[PDB]
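Now for the letters of each chain:
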Number of protein chains: 2
Amino acid sequence: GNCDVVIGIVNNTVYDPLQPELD
Amino acid sequence: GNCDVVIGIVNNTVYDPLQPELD
Ligand SMILES: *[C@@H]1O[C@H](CO)[C@@H](O)[C@H](O)[C@H]1NC(C)=O
Ligand SMILES: *[C@@H]1O[C@H](CO)[C@@H](O)[C@H](O)[C@H]1NC(C)=O
Ligand SMILES: *[C@@H]1O[C@H](CO)[C@@H](O)[C@H](O)[C@H]1NC(C)=O
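- As summarised from the PDB record, the model derives from cryo-EM at a stated resolution of 4.20 Å.

Put into structure tokens, the structure is as follows:
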């Protein structure tokens, strides 16, 4: 989904640890 | 497994998110 439908929402960054792994 | 063992399996491409970032 996109952040244009959900009734209650917040802003935080999903880490996806692989970026660290790649570098 | 190996592709031969399963029945009705269809040739297709599976995409990996990690490879693009690495390159
Ligand atoms: C009620 O809940 C919504 C999320 O569904 C939130 O945006 C809102 O701030 C809340 N308001 C009150 C008055 O509880
Ligand atoms: C699926 O059904 C068709 C019927 O035309 C058949 O040719 C095919 O062998 C079947 N798939 C199998 C057994 O995986
Ligand atoms: C595609 O499927 C056929 C099934 O007859 C197989 O012979 C062929 O090797 C497959 N293609 C691949 C692995 O690229």
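On we go from here.
Describing the environment of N2 of chain A
All names here are of chain A.
- Among the secondary structure elements, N2 is positioned in the segment before α1 (18-22).
- By relative accessible area, which is 46% here, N2 ends up partly exposed.
- For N2 and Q19, which are 17 residues apart along the polypeptide, the C-alpha to C-alpha distance reads 22 Å.
- Polar contacts involving the side chain of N2 include one to the side chain of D4, which spans 2.5 Å.

Conventions and cut-offs
- Residues numbered from 1 in each chain as written, not as in the entry; some residues may be left out.
- Chains lettered and ligands numbered in written order.
- Part of a larger assembly, values for the part shown.
- Heavy atoms only, no water.
- Helix = DSSP H or I, 4+ residues; strand = E, 2+ residues; numbered from the N terminus.
- Buried < 20%, exposed > 50% of the residue type's maximum accessible area, 1.4 Å probe, protein only.
- Polar contact = N/O pair within 3.5 Å; in protein donor to acceptor, adjacent residues only side chain to side chain.

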